[PDB]
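J.: Here it is, the structure, as structure tokens.
Residue numbers (full-length UniProt numbering): 47 to 90, 97 to 244.
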């Protein structure tokens with residue numbers, strides 16, 4: 047909020063050639079990422101996403117269906133999950149691209165930040181935006197499933213496609229299962 051304002055303000059002061067080289071470095075990481083075993087963030097050395105870091109924030113996720121703009125951070129440690137959404141370890145960077153699947157995790161509400169509390173309100177067709185460096189990527193929801201903390205392939209990188217999954221715990225205030233809201237990239241570029 048204050049954080050989101052500070053983020054966009056810093057980005058607008060950054061050099062264009064440098065904004066572009068960073069983007070390309072993240073795309074290079076996405077093009078080479080091997081499939082690995084993705085663990086539940088809510089249970090149990098990294099240069100991961102360095103090119104995207106702006107005072108430790110890698111951007112924010114914007115979800116008009118639930119009136120949220122939540123800062124994103126690297127990893128899903130509790131330090132992070134207390135203050136915003138975390139990018140899941142082993143998944144794509146949120147810079148999109150063919151054969152990518154980024155995964156953004158937040159608690160189902162904290163006492164003073166709703167975060168992903170209202171994620172059950174999202175429906176197929178809903179559009180959310182990843183704001184990353186000076187870019188904004190639109191994703192349109194095409195699948196919503198609830199799974200056991202051991203059930204986790206709907207976050208599989210599917211060849212050809214560009215996906216982003218918003219991930220939280222469910223039922224509300226019980227948190228025994230995981231709610232996955234998957235969106236697929238649609239054409240959108242931020243206005244100038």
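Think of the CB as a built atom: it goes at the ideal place given N, C-alpha and C, for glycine as much as any other residue.
1. What are the boundary residues of the beta strand (DSSP E) that residue 114 is part of?
2. Which parts of the stretch 110-182 are runs of the beta strand (DSSP E), unbroken and 3 residues or longer, counting only runs that do not cross its ends?
3. Are the beta-carbon atoms of residue 157 and residue 140 separated by less than 7 Å?
4. For the alpha helix (DSSP H) containing residue 54, name the first residue and the last one.
5. If we call anything under 7 Å between Cβ atoms a contact, is residue 176 one with residue 193?
6. Exposed or buried, what is residue 60 when buried is set at 16 or more other beta-carbons lying within 10 Å of its beta-carbon?
7. Taking the alpha carbon of residue 195 as the point to measure from, which residue in 188, 189, 207, 203 has its own alpha carbon closest?
8. Bridge partners of residue 236, per DSSP?
9. Mind checking which residues open and close the alpha helix (DSSP H) that includes residue 210?
10. Could you check which residue in 213, 230, 72, 73 has the C-alpha nearest to that of residue 221?
11. Helix, strand or coil: how does DSSP classify residue 79 here?
12. Do the CB positions of residue 127 and residue 76 come within less than 7 Å of each other?
T.: Short version:
1. It spans 109-115 - the beta strand (DSSP E) in which residue 114 sits, taken as one unbroken run.
2. 120-126, 137-139, 152-157
3. yes
4. 48-58
5. yes
6. exposed
7. 207
8. DSSP, once it has assigned bridges, lists 192, 215 as partnering residue 236.
9. Unbroken run through residue 210: none, as it is neither H nor E.
10. 230
11. coil
12. no
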